[PDB]
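Here are two versions of the same chain, shown separately as structure tokens and labelled structure 1 and structure 2.
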Structure 1
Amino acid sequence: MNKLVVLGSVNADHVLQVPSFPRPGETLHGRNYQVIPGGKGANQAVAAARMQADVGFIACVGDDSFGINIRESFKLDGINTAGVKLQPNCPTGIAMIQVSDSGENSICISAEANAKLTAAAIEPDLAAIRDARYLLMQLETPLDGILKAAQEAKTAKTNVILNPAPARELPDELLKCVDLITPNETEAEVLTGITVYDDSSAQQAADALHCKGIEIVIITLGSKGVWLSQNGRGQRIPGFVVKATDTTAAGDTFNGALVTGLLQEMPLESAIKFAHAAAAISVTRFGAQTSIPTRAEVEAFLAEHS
């Protein structure tokens, strides 16, 4: 029984660099086309697995070549893929990601196989959720699946970490089941209404989540580190200073590394700093999973930062 169970999405990132932002009409010449394994659930389970967590993964992929292959690849990564279903006659979820040389990114996502991860779909996964010490989830799969998983986890005294990404609002009923939540600045706002300008707001944002029943709130702040509140007692834990070139799986990495630290009986504060280190590395590399570091790369990183 995996001590960590990650539930979440799988995309194929079709990345293309384009000179201008895409507009309808004339065929625009792109370049450096790649298909990168992505998806917030996949990226986080890959994060944890690469941080050597005892991790199983609940997800829905397609029966295209990509879905068939990425499942095998997860195995190679050390992820228990028992909970990874292949959806008949569905492509795998895809992100059509056009990186514009003029900075501004064009993103077109289609759920595809991901829309299939329903509360009923995860039924055989429930037991793995009960036996886990931690359940990690995001929001790139249907809500009923996410909610069903958290509920199962509360009664089993499994700890529930929710990375509320991508940004979307959530019912009290799910928040109440979440032991630890890790929104970024955008997502805390969406979830609370409270926009996070500084410590005061971050703490109000946090307290709003504490009142939704979430003991621990971690608001990731981009380069500003993290705002950690545990039972009202808040504090900013800063991250590392790196030349950021792509932050695509940054948040995915942080959550994977964070939960792996806690499973190693790290104090929360230390687990967090550890996760900072992993995510920092990732923000320095291109693409989703292509940027997610190993435990070795992290220890190496931490050593080099003294």
Structure 2
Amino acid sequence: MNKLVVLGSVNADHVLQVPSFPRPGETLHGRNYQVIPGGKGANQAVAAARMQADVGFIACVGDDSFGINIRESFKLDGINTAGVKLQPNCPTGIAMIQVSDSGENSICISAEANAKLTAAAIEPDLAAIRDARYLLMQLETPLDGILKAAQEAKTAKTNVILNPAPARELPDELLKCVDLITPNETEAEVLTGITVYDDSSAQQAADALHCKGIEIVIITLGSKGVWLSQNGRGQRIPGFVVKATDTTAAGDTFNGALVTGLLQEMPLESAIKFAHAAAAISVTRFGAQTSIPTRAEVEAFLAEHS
């Protein structure tokens, strides 16, 4: 039984580098087309695995060559893939991504095989969810599956960590079942209606989430670090500062590393610094899973930048 179970998406990222971002009327010319392993589910699982978590992944891939191959690749990163299902007659999920020279990115996804991860589909994985200490999920798979999983985790002393990405509204039945939520600035506002722009508004958004029954709130603020709130008490924990090559998967890397830090008994503020270091390194590198650093690299970073 893995101490960490990640449930979420797997995508093939179809990525182009762009000078700027498209305007409705003109054709943008890109370069360096690459197909890169991605998906928020897989990114966070690979981040946790590389941070040396005891990690099992619950997901759906397609029966295309990409899907078969990437499921095998997860094993090489030490992920337990018992719960990664191959979906007949379905492509693996995709993302079309454009990354500018500033590191900014635009991402559009299509569910494909990810749509198959329903509540029914995770019936054989309910045991793994129970025996785990932490369950980490995002919002790139069907809501019914995410809800069932969170419900099952609460009957079995499993911490539920939700990265509510990409942004969408969520039912109270789910939020009350989440022990720690990690929205970004956009997602915090979608979830609460409270735009986050400063300390007081950060704390408003967080309080709104606390009222929804979520004990720990972490609002990620890009290069500004994060806003950590623990039932009413908020504070900014700054990140590390680096030149951005590509921020795709920065958030995923942060989440996978954070849960790993927590699992490995680092106090919450320490696990956040640890997660900041992993995420900062990933910001300096291109592509989703290709940017995710190893534990050794994260330690070296922390040794340098204390």
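In this text, the rigid core denotes the largest set of C-alpha atoms whose superposition between the two forms falls within 1.5 Å. Residue numbering: structure 1 sequence, from 1. Only residues modelled in both forms are compared.
Superposed on the rigid core, the two forms differ between structures 1 and 2 by 2 Å or more at the C-alpha of one listed residue only; from 169, 172, 144, 104 that residue is 104.
Put the two forms on the same core and the Cα of residue 267 is off by less than 2 Å between structures 1 and 2.
Once the cores line up, the CA of residue 238 ends up less than 2 angstroms apart between structures 1 and 2. Once both forms are fitted on their rigid core, the CA atom of residue 28 lies 2 Å or more apart between structures 1 and 2. In the core-superposed comparison between structures 1 and 2, the CA atom of residue 19 travels 6.0 Å.
Superposed on the core, the two forms differ at residue 95, whose C-alpha moves 1.1 Å between structures 1 and 2.
Taking residues common to both forms and aligning the rigid core, Cα displacements of 2 Å or more over three or more consecutive positions between structures 1 and 2 occur in 16-31, 96-108.
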